[PDB]
Amino acid sequence: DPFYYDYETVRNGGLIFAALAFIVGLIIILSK
Amino acid sequence: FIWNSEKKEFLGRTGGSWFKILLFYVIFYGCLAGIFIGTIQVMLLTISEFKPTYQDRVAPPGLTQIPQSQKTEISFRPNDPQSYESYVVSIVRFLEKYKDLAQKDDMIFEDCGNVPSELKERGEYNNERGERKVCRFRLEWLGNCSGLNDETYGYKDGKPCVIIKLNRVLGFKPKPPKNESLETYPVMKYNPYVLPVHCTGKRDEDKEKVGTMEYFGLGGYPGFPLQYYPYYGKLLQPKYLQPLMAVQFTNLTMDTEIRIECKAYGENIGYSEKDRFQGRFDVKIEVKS
Amino acid sequence: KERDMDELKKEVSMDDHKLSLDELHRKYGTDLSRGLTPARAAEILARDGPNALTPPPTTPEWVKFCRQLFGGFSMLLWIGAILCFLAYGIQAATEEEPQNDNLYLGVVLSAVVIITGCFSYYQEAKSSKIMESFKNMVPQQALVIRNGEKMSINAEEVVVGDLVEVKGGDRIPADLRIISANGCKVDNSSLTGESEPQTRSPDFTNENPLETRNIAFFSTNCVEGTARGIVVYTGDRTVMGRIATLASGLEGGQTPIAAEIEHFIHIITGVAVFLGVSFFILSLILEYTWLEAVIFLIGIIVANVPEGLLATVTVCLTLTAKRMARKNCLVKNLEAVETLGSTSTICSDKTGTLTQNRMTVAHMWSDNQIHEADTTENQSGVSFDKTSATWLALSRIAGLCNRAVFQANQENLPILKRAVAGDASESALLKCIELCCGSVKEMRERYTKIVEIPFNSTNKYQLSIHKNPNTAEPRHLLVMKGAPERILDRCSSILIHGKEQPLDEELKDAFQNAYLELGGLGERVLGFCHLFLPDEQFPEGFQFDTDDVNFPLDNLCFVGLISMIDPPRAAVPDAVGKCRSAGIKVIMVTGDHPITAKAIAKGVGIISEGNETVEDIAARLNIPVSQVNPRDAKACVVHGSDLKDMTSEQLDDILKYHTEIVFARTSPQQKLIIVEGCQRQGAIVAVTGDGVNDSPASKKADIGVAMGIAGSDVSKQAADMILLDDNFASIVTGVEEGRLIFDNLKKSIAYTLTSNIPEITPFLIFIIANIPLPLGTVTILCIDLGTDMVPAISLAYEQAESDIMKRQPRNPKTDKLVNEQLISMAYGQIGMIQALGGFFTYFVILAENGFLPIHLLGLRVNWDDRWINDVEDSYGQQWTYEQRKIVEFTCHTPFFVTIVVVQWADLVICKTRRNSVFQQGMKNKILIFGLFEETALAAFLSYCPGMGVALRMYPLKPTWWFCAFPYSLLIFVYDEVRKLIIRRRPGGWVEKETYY
Ligand code: BEF
Ligand SMILES: [Mg+2]
């Protein structure tokens, strides 16, 4: 049916998008 | 200071070069728009002129009423002619489009089964076929309430009554529940070609149950006939007349207010706790006289 | 009648020192050597007040905390909170939705304000905490005589009119009239700014009672000798008591920053009410019945005011003033951090301030040649050629001959800033010995002191004799230092390269002209001489005595002069070289003497080598001074004599027609009206000091500066800044930072403000064309205050776009923090294109699911009715309530996504105001982190589970992000070609209209 979206995977995935970005910056702001 | 109103060779603030600031702003906004306007014009060539690209949000259709009251509460007086006029003017204009002389041109209408029939697939959802005929609808199939000249009129002046209508959903081949009905309460063995609903004093506990209901349908069933589903959309079927369904409350204590939930069952039908109107239906009533 | 009291305090004081000691003995009622009995003194100690300052009259309790709760912007935002609750009103009553809507906002507003003030109060209380840990008041007890009998009672039981006896080391308990003395030099550096220690005596000398000799002054300490004298003024009646209180009793004056805060609130709220309030008039002006026509005003107008910037600001300053906290220079208040960058004039005191207030060897005379010592405090300077024997001799001379000695714990301290109980000349001399020619511990114990002669009364000579540890000539050694004129009289033989000679009148006038040359350079000169004794006439065992001439007083062997002056702090001169490089006038004010002040200021460059005063032009022409046109002297020296005798427009003409100004001999109060005078020009003024004559000038300056160790206590609580290490190079940092932090904030404000255009424009048209609510408040809360937080802070760490110490200081009138171009920029063009993309972001979604754009006109009416569960689109689909509201809050959530996106373009293009971002680069770390974190917070918020349930915001379908792309793009493109054309042709058009 065209009336059921897989919302849970793109959700599992922006959260991945969010951490990596969020942690790249924690690798960006502590250059040591 | 606070007096730069009309300064020499200058108005309040600046002005000798206003034409400069102003002209820049017209081009700019005139160009901020010819961009944006491009962009939305783009966005408009990618919308299927026929099917909604995204339909997932209406996943569970719902049950609405004809007298879309203030708060699903029908509070009237079976006496004062005006106590009930908001409500029956709304009923009078709702089915203004379902009288048989309105639907005279056979060119766009066709005479379908007068019994709940099978899915009238008229092709595919593209425009290769011409304009599809619309199955017709005779006030007859709604009895004792606006069933023509026999009774009705007071439209519920005495024992209150109301039509339930499904939300047109482009494409909905509504799937009803199979003959193994997972607790569908008292209903007849016509579970094949029709989609049902029923109403209750209260939800899932003890109830101020006070009511004897009587349902009116196409040939006399309690639901929705499949020979009119799913809708082919407004551009492909104008003036299309979706199934309506009428429920009547006879034995009503008058000076007290109870509640009534009308649910609708099917794999193709679902329910939401946050939306009391998804898949089910709520109305409170008070025949105060 | 206390302003009349505040005014006889900006006036020079007056007294009565010029009387016969008998006329003295008649007025006050007391004896000269026997004093007043102690039942009369138990009758005067309670007729008024014990010799004591009324404690600082300022004691605000911890309820002073509502101060950081109001002000200019917080109190300008204060209304908003109440307005929200005022808009909250109807919801509470009429069954609507006050439960969780217009109530949380109020809490948020309050909490936000609360935070803003709970954090700019906490700091301003960890810096009133770390300056109250330096006040070590050791109370010092007066030697008071009472019923003849020297009775040293506590510093607090003494009275006007009984004797007090100072010896060496006793702080002066109060203001006296010397009636007797013996070699009594006291040190008033702390009270009037006089440098070298000043002698005290009973006869009557000058008339300005400060510089006179028969009067001492509280807080100054008696350096040497002993004196007797009579107490004139007690308690708050002293001179440093008239001055502490007038210091205490003037206004801190507004800082140019909270001002650029105010004219911003003028424009913020200025258009806020002008548009919004007048714009909801329009709501009811169309046809909306009054009753519910303004039922949405509380909120739609709320977006216009930029909630959040309040926090972003009090941090951009907090990070700056944590960096100045790492270089040893504390701000008592926040906003003063900037002030220095806007300084066009810097007053600065001589003693204790510009200098070390410690006598130190300056120049030296040997072999008819002058040698400049090292005169700094951290030994980074020029050391003379210490190879000649003339030096070796002159050295052991000064080393052997001194009463001065090191204290026990004086080893690990710098050889100069360490302590010396003893004289000044003997301290500075002992000092330049232990540094230039080895240690003085084993050189003053190698020679056995036979008979000494301390400083005498007639002539000038201090002398001693020792025996011979050398192996060559076992003859005896004699040494003597004394005045050039009175030691040139008793001398005859000379010394060079190890062999003697006699006095020729050629080198006696090369001596009379490098005494008058070294002495005319402000330096107190001292000759040094020695002689051998005829060891045939006095044997190797004859212990001489102290009764008669035991050795030749004439035909001695002179060696060399030796000069000393109070030398500047090391970091002083370069600090000033930068001062004027940035075009800051540097004027010098000091209560010191015009020849010592003429030599120090030429030495520092306030007066560049080479302006002649009105006086250098007149002794050189050999004409009367009244002859030269003051127009031709670019520099000038003014004796505070003429100064009492002077008005405003006059003072107006001096500061105006004179670049290099040095004021001399000015009472504490006379430094006020100086600050106040450089303040009748419209410029801002930055004052730096040491003792208590600055308390008034340090408080009335836009900002006052003090010293930490070398300072006193009445101008360390009045100044608005303190210098802990006493390093004066740190000021060079401060005009650089306030000028920079200036230019960054300008970027910072324009960032959050641009937000405010796609912020409200939604609440606007939503009323215009009757469409659904394209953006929510919750959304409005996570930008002004949620994501936009860290990027508006990362922009505070932006670096410099040209040479900052190159451009002259800002004109407080012209260069506006928020000038009218920024708004034509942030509110004018960017926020517009900004609105453009969120709204483009807004149509695609209602269109893609099913609601075409031309369809949505007039819609919101049926769409905000909680009961219309059948709502047709253009495709003919019927939609319930919670369904299309769900489509609403996810037209809330990505609009916000689209925002941050353009907020990318914005933050990247506000980073530089003039320079292409490819020349300035993304070297800003935090700013990268900002990009990363802001996106992450955002993307965390939409996709987090039960986010639709809590905040009314759901996961986005993927094809939504990239909709703000060519916009944030065209944005970056627009401002970059903007910031290139300004680099090419600034003079014509472009720059003038835009450049914020
Ligand atoms: F202390 Be300063 F020389 F006025
Ligand atoms: Mg000083």
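Residues numbered from 1 in each chain as written, not as in the entry; some residues may be left out. Chains lettered and ligands numbered in written order. Heavy atoms only, no water.

Peer 1: I'm lost on the coordination of the magnesium ion (ligand 2) in this one. Help?
Peer 2: Think of it this way: four donors in a tetrahedron around the metal ideally sit 109.5 degrees apart, and six in an octahedron ideally sit 90 or 180 degrees apart. Residue and element names in this part refer to chain C. Donor atoms from the polypeptide that bind the magnesium ion (ligand 2) are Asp349 (OD), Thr351 (O), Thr351 (OG1) and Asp690 (OD), placed at 1.8 to 2.7 Å. The sequence pattern formed by the donor residues of the magnesium ion (ligand 2) is D-x1-T-x338-D. Each member of the pair, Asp349 together with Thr351, is buried. (Donors = N, O, S within 2.8 Å, 3.2 Å for Na, K, Ca; no water. Buried < 20%, exposed > 50% of the residue type's maximum accessible area, 1.4 Å probe, protein only.)

Peer 1: Whenever I open this one, the domain arrangement of chain B confuses me. Can you help?
Peer 2: Interfaces are often sized by the accessible area lost when the parts come together. Taken domain by domain, chain B comprises domain 1 (1-46) and domain 2 (63-289). A C-alpha centroid distance of 56 Å is found between domain 1 of chain B and domain 2 of chain B. (Domains from an automatic or database assignment.)

Peer 1: What should I look at first to understand the UniProt feature "disulfide bond" in chain B in this one?
Peer 2: Residues and elements named next belong to chain B. With sulfur atoms 2.0 Å apart, the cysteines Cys112 and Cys135 match their UniProt disulfide annotation in this structure. Of this pair, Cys112 sits in the loop between β3 (109-110) and β4 (134-135) while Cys135 is found in strand β4, placing the two residues 23 residues apart along the sequence. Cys135 matches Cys112 in its accessibility class, with the two residues each being buried. (Disulfide = S-S within 2.5 Å. UniProt positions renumbered as here; feature names shortened; annotations may be inferred. Helix = DSSP H or I, 4+ residues; strand = E, 2+ residues; numbered from the N terminus.)

Peer 1: How do you make sense of the sheet that holds strand β10 (residues 282-287) of chain B when you look at a structure like this?
Peer 2: Hydrogen bonds between backbone atoms are what pair the strands of a sheet, whose relative direction is either parallel or antiparallel. Residue and element names in this part refer to chain B. With mixed pairing, the four strands of this open sheet are ordered in space as β2-β10-β9-β6. The strands lining the two open edges of the sheet, one partner per strand, are β2 (73-76) and β6 (197-200). Here the average twist between neighbouring strands, direction ignored, is 20°. Relative to β10, strand β9 (residues 258-264) is paired through four bridges, and the arrangement is antiparallel. In the sheet register, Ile260 faces β10, and the bridge partner there is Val283. (Pairing = 2+ DSSP bridges. Axes fitted to C-alpha atoms, helices over the stretch in contact; angles between N-to-C directions.)

Peer 1: Quick question: what am I supposed to make of the interface of chain B and chain A here?
Peer 2: On the chain A side, the residues contacting the six residues of chain B number five residues. Surface buried jointly by chain B and chain A totals about 490 Å² across both partners, of which 60% is contributed by carbon and sulfur atoms. Contact with chain A buries area across many residues of chain B, yet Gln55, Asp56 and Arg57 of chain B alone supply 65% of it, more than any other trio. Inspection of the chain B/chain A interface yields zero salt bridges. On the surface where chain B and chain A come into contact, there are two residue pairs in polar contact. Taken together, the residues of the side of chain B that touches chain A break down into three nonpolar, one polar and two charged. (Contact = heavy atoms within 4.5 Å. Buried area = accessible area lost by both parts, 1.4 Å probe. Salt bridge = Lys/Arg side-chain N within 4 Å of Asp/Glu carboxyl O. Polar contact = N/O pair within 3.5 Å; in protein donor to acceptor, adjacent residues only side chain to side chain. Nonpolar A, V, L, I, M, F, W, Y, C, P; charged D, E, K, R; others polar.)

Peer 1: Would you explain the interface of chain B and chain C in this entry?
Peer 2: At the junction of the two partners, chain B supplies 49 residues and chain C supplies 43 residues. Together, the buried faces of chain B and chain C total about 4,100 Å²; carbon and sulfur atoms form 59% of this surface. Contact with chain C buries surface across chain B, with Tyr54, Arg57 and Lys234 of chain B losing the most and accounting together for 17% of the total. Put simply, chain B and chain C have three salt bridges between them. Taking the shortest distance from any N to any O, the salt bridge between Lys165 of chain B and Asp870 of chain C comes out at 2.9 Å. Run the count over chain B and chain C and you get 19 residue pairs in polar contact. Those elements that place two or more of their residues in the side of chain B that touches chain C are α1 (18-45) and β5 (161-166) of chain B.

Peer 1: Explain unusual backbone geometry to me, please; I cannot follow it from the model alone.
Peer 2: With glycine set apart, most residues show a phi of negative sign, and most peptide bonds adopt trans. Residue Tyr229 of chain B is joined to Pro230 of chain B through a cis peptide bond whose omega torsion reads -25°. Structurally, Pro230 of chain B can be placed in the loop between β7 (213-216) and β8 (244-249). Backbone geometry places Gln379 of chain C, a non-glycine residue, at a positive phi of 55°. For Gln379 of chain C, the location among the structural elements is in the loop between β10 (370-372) and α14 (389-400). Taking the relative accessible area as the measure of exposure, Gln379 of chain C reaches 38% and is therefore partly exposed.

Peer 1: I would appreciate a short explanation of helix α8 (residues 256-286) of chain C in the present structure.
Peer 2: Structural remark: α-helix, 3.6 residues per turn; residues separated by three or four positions point the same way. All names here are of chain C. Over its 31 residues, α8 extends 45 Å from the first C-alpha to the last, a length consistent with the 45 Å expected when each residue adds 1.5 Å. Taken together, the buried positions of α8 are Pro256, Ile257, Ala258, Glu260, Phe264, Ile265, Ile268, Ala272, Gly276, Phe280, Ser283 and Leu284. Structurally, α8 contributes buried residues whose contacts are with α4 (74-93), α9 (290-293), α10 (297-300), α11 (309-323), α12 (336-339) and α26 (730-768). (Expected span 1.5 Å × (residues − 1).)

Peer 1: When you look at helix α29 (residues 820-849) of chain C in this model, what are you seeing that I'm missing?
Peer 2: Taking 1.5 Å of rise per residue, 30 residues should cover 44 Å, and α29 of chain C covers 43 Å from first to last C-alpha, within 8% of that figure. Buried residues dominate α29 of chain C, accounting for 27 of its 30 residues.

Peer 1: Would you explain the pairing of strand β17 (residues 524-533) of chain C in this entry?
Peer 2: Successive residues of a regular strand alternate their side chains across the two faces of the sheet. Residue and element names in this part refer to chain C. Within β17, eight of the 10 residues are buried, leaving the element largely enclosed by the surrounding structure. Inspection of the sheet shows strand β14 (residues 476-482) paired to β17 by seven bridges, in the antiparallel sense. By the bridge assignment for β17, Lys481 is matched with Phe528. One ladder, built from seven bridges, connects β17 with strand β18 (residues 556-565); its direction is antiparallel.

Peer 1: Even after reading the chapter, I still don't get the side chain of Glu801 of chain C, so can you show me in this structure?
Peer 2: Residue and element names in this part refer to chain C. Its place among the elements puts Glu801 in the loop between α28 (789-794) and α29. Here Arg914 takes part through its backbone nitrogen, which lies 3.0 Å from a polar atom of the side chain of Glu801. Within the structure, the side chain of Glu801 is placed 2.9 Å from the backbone nitrogen of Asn915, a separation counted as a polar contact.

Peer 1: Would you mind showing me how to read the state of the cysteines here?
Peer 2: Linking two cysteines covalently through their sulfur atoms gives a disulfide. All names here are of chain B. All told, the structure shown has three disulfides over all chains when counted by the stated rule. Between the sulfur atoms of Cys112 and its disulfide mate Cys135 the distance is 2.0 Å. The sign of the S-S torsion, about -100°, decides the handedness of the disulfide formed by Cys112 and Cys135: left-handed. What pairs with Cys199 in a disulfide is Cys262, and their sulfur atoms sit 2.0 Å apart.

Peer 1: Please clarify how the packing of aromatic side chains should be interpreted in this entry.
Peer 2: Note on aromatic pairs: each is described by the distance of the centres and the angle between the planes. Under the defined criterion, the tally for this structure stands at 36 aromatic pairs over all chains. Geometrically, the ring pair formed by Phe839 of chain C and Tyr842 of chain C is edge-to-face, given 6.3 Å between the ring centres and 65° between the ring planes. In this pair, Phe839 of chain C and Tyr842 of chain C both sit in helix α29, three residues apart, roughly one turn of the helix. A residue is classified by how much of its surface remains accessible, and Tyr842 of chain C, at 3% relative accessible area, is buried. Ring pairs connect the aromatic residues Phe36 of chain B together with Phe839, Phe840, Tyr842, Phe843, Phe895 and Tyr967 of chain C, which therefore count as one cluster. Geometry around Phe76 of chain B places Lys156 of chain B over its ring, the cationic atom sitting 4.8 Å from the centre. (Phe/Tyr/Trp six-rings, centres within 6.5 Å; stacked < 30°, edge-to-face > 60°. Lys NZ or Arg CZ within 6 Å of the ring centre and 35° of its normal.)

Peer 1: Can you walk me through the packing of α29 of chain C against helix α35 (residues 965-984) of chain C in this structure?
Peer 2: Any two packed helices are characterised by how steeply their axes cross, that is the angle between the axes, and by the distance between the axes. Residue and element names in this part refer to chain C. It is the contact of α29 with α35, at a shortest axis distance of 9 Å, that shows an interaxial angle of 160°. Comparing the axis directions of α29 and α35 gives the class roughly antiparallel. The two elements α29 and α35 cross, and the hand of that crossing is right-handed. Along the contact surface, α29 presents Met825, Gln829, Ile830, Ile833, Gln834, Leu836, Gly837 and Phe840, while α35 presents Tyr967, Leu970, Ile971, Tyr974, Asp975 and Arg978. Considering only residue class, the contact of α29 with α35 consists of nine nonpolar, three polar and two charged. (Parallel < 35°, antiparallel > 145°, perpendicular 65-115°, else oblique. Left-handed = near helix turned anticlockwise from the far one by under 90°.)

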